[PDB]
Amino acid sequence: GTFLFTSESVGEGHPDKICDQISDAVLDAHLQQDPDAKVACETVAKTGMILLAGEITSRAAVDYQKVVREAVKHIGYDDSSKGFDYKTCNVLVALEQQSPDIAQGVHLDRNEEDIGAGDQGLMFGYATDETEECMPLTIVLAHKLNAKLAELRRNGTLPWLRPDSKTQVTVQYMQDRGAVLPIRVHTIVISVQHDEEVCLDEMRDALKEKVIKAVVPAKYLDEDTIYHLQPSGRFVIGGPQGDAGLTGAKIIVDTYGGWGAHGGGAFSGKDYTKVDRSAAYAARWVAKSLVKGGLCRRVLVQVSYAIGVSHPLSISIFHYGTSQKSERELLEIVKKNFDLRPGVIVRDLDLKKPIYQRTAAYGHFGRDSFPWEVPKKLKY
């Protein structure tokens, strides 16, 4: 009656995550001066290069060189010895205004509450009572392992560490009436970029004793836990030099780690009129509100939109059998309590605030009491 499930996470210096952070740094910079900026900023990273590509219509005056370079500095890529340096990399910009055809279809001449969805699409929200963060344990652990790497790099404990890292956690679970109950960590993978001087045994020892043991509750570890620590044997070349980065290339890391579902919409570099972002945030908020309200233990919420249309086209609720209420009753509760138009979500979740760079590593969900992580008290 047990099953395995695996999730992964990446660190701040993973090339895809560099792009997500830069795109959201660019978005925040616009929003700081123009709360109504229309932003759709993709970032591409390869050896020595940050390229911004996409569409921005805004009143803000933004110094892209500064914004990009400060983001890469925060990540820690500050010397050619590390494979990338904010001081001396190439920053190229291919940014145009938003298509006027889109603008006229979505928001021009509309009352804010009634703005159309910025695109079509489908979005899911998920919550699970298995952790206090209402998130899968597999992904929560994976994220914390990367955060611990960054901490130890930054505080000088493990000065051989670089910014690019990946982690993966397999948990063995049992189920109870459709809820899931973690039993033990089955397998942990950690790969992290490193300097030329440190040997593999020192790294593997440090990853076990200073990272894994510092993060994973000991009740979940036993003698049969499998560790794959620096399994490649060598990871000196890293960041964009080792592997190309794109914005929106970590959508599963950003969300639920393989649990629930995903509609395909990336978050980073988009203002609230992009329902890929605002409706996914709202959907998480719905799902979390249902669980923390005691109406279910686990729940998946789907919504979907058409470009130019303000109201969702479909809402669906799946409770995995973890409620005494029917799924149709939960749907009636959601419909009574939430207004999932983007022009209303923006007010409920304060989505014109320039806090997006903070979302762009370690997952958008399950941390920091962002507005979509504060449950709505439900009337029913």
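We number the residues from 1 along the sequence you see.
A.B. asks: Tell me which of 198 to 206 and 84 to 92 has the higher mean C-alpha B-factor in the deposited entry.
C.D. replies: Mean CA B-factor is higher for 198 to 206.
A.B. asks: Going by the mean C-alpha B-factor recorded in the entry, which is higher: 27 to 35 or 322 to 330?
C.D. replies: Looking at the record's C-alpha B-factors, the answer is 322 to 330.
A.B. asks: Taking the values straight from the PDB record, which of 284, 292, 148, 166 has the highest C-alpha temperature factor?
C.D. replies: The C-alpha B-factor peaks, among 284, 292, 148, 166, at 292.
A.B. asks: Choose from 299, 117, 188, 158 the residue with the greatest Cα B-factor as stated in the PDB record.
C.D. replies: Going by the entry's C-alpha B-factors, 158 comes out highest.
A.B. asks: Based on the deposited C-alpha B factors for this chain, I'd like to know if residue 357 is in the lowest, middle or highest third.
C.D. replies: Answer is middle: the recorded C-alpha B-factor places it there.
A.B. asks: Would you check the entry's CA temperature factor for residue 98 and let me know if it's in the chain's lowest, middle or highest third?
C.D. replies: Middle third of the chain for residue 98's C-alpha B-factor.
A.B. asks: Name the third of the chain's ranked CA B-factors that contains residue 224, choosing lowest, middle or highest.
C.D. replies: Highest third of the chain for residue 224's C-alpha B-factor.
A.B. asks: Please say which third, lowest, middle or highest, residue 337 falls into when its CA temperature factor is compared across its chain.
C.D. replies: As the PDB entry reports it, the C-alpha B-factor of residue 337 lands in the highest third of its chain.
A.B. asks: Just say lowest, middle or highest third for the CA B-factor of residue 128 relative to the other modelled residues in its chain.
C.D. replies: Middle third by C-alpha B-factor.
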